[PDB]
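Working notes, structure below.
Lettering follows sequence order; numbering is per chain, from 1. Only heavy atoms go into these numbers, but all of them, side chains included; no hydrogens, no water, no symmetry mates.
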Amino acid sequence: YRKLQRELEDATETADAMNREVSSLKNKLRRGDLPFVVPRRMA
Amino acid sequence: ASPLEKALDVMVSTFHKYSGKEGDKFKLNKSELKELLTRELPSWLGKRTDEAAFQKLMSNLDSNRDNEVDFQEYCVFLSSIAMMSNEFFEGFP
Amino acid sequence: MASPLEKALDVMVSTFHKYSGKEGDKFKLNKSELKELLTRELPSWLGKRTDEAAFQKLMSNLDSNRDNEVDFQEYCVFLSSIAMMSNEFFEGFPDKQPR
Ligand SMILES: [Ca+2]
Ligand SMILES: [Ca+2]
Ligand SMILES: [Ca+2]
Ligand SMILES: [Ca+2]
């Protein structure tokens, strides 16, 4: 394990911003905006 | 399947190993997150036990404010860890 | 000692640099390196549009800070979105589905 406390906390301070970024990309993929990638998991 | 494709599936499977135990079948409550962290990510545990620290982590991850950690928030968690590992990868060649 | 999840995180890191270190900024993926990584490491996720215009559109949307490269964080945002698609497949099944 780690040698310090709270490193995971440090690492997740911008979690909100990252969540909003992921939501944006997921939405684009869902809408079929980026057909270079599959819209849903395939074989 | 490439190593990367398999790795992404491990992320999915590990989440549900714990998410189904209590309450919402598809989210991690405080207890389930603590289990997942302790058993699956022991390399990232703090030097000493620290409930306040864990509660703070839960709060950081709970971006939509519903008192749970859903799969997207869990991916952000894992991403944050990978980013730290990447700082190490790049910072000390 | 390392768990499957811990090893998975290492794969995320190592796969990125397998391609980022080929040209220019050794810590970011240019258009060419991104295309390599996707084609070789994420073949199951390639859609029906394989043209350069389609790939350019993906590159642009992954390149959030608009520096014409994909850095590790932007790369993680993409990986997260893919994992989420797999999870939507997973959660569609009945609870006691055989596996
Ligand atoms: Ca649960
Ligand atoms: Ca939440
Ligand atoms: Ca590069
Ligand atoms: Ca960029």
Would you say C:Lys22 has more than 12 foreign heavy atoms packed within less than 6.0 Å of its NZ? yes

Could you state the interatomic distance from CD (C:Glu69) to CG (C:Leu62), rounded to the nearest 0.5 Å? 13.0 Å

Answer yes or no: is there an ion pair linking B:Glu51 with B:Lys56, defined by an N-O contact shorter than 4.0 Å? no

Under the side chain to side chain donor-acceptor pair (under 3.5 Å) test, residues paired with B:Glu87 that sit two or more places apart: none

Checking the side chain of C:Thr39 only, and the main-chain atoms of C:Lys35 only, is there a donor and an acceptor separated by less than 3.5 Å? yes

Is the backbone N or O of B:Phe89 less than 3.5 Å from a side-chain atom of B:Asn86, with the two atoms forming a donor-acceptor pair by type? no

Beyond-backbone contact of B:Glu90 with C:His17, side-chain heavy atoms, under 4.5 angstrom: yes

Distance-only, no hydrogens or angles: does the C:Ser60 side chain make a donor-acceptor pair with backbone N or O of C:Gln56 under 3.5 Å? no

N/O donor-acceptor pair under 3.5 Å between B:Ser13 side chain and B:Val10 backbone: yes

Look only at the side chain of B:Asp62 and the backbone of B:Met58, and say whether a donor-acceptor pair between them is shorter than 3.5 Å. no

What residue among B:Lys17, B:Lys27, B:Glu22 forms side-chain contact (heavy atoms from CB on, under 4.5 Å) with B:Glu32? B:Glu22

C:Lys31, NZ: over 12 other non-hydrogen atoms inside 6.0 angstrom: yes

Min side-chain heavy-atom separation A:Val37-C:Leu58 under 4.5 Å: yes

Any sub-3.5 Å donor-acceptor pair from C:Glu41's side-chain atoms to C:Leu38's backbone N or O? no

With hydrophobic residues grouped by side-chain heavy-atom distances under 4.5 Å, do C:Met85 and B:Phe26 end up in a single group? no

So that I can tick it off, tell me whether B:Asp50 and B:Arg48 are bridged by a salt bridge, with the cut-off set at under 4.0 angstrom between side-chain N and carboxylate O. no

When you compare the side chain of C:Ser81 with that of A:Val22, does any pair of heavy atoms fall below 4.5 Å? yes

Please confirm whether the backbone N or O of B:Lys25 pairs with a side-chain atom of B:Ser19, one donor and one acceptor, at under 3.5 Å? yes

Testing the 3.5 Å rule here: is there a donor-acceptor pair between the side chains of A:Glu13 and B:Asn60? yes

Do C:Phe55 and C:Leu34 have side-chain heavy atoms sitting under 4.5 Å apart? yes

Would you say that C:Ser44 contacts A:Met42 through its side chain, given a criterion of any heavy-atom pair below 4.5 Å between the two side chains? no

Parallel, tilted or perpendicular: which one describes the rings of C:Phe89 and C:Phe93, with boundaries at 30° and 60°? perpendicular

The side chain to side chain donor-acceptor pair (under 3.5 Å) partners of A:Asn27 (sequence neighbours excluded) come to A:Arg30

So, the side chain of B:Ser2 versus the backbone of B:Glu5: is there a donor-acceptor pair under 3.5 Å, distance only? yes

Which value, rounded to the nearest 0.5 Å, describes the distance between C:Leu5 atom CG and B:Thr14 atom OG1? 5.0 Å

Does the pair B:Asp9 and A:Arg41 meet the rule for a salt bridge (charged side-chain N to carboxylate O under 4.0 Å, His left out), with working shown? CA-CA 11 Å; B:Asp9 286 345; A:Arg41 178 186 177 102; 2.8 Å; yes

Rounded to the nearest 0.5 Å, how far apart are SG of C:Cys76 and CD of C:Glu74? 10.5 Å

Under the side chain to side chain donor-acceptor pair (under 3.5 Å) rule, collect the residues that match up with C:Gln73, sequence neighbours excluded. none

Aromatic ring centroids of C:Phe72 and C:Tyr75 under 6.0 Å? yes

Do side-chain atoms of A:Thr12 reach the backbone of A:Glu9 as a donor and acceptor pair under 3.5 angstrom? yes

Do B:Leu41 and B:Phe77 come within less than 4.5 Å of each other through their side chains, counting heavy atoms only? yes

Could you tell me whether A:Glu7 and B:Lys47 have a side-chain N and a carboxylate O separated by less than 4.0 Å? no

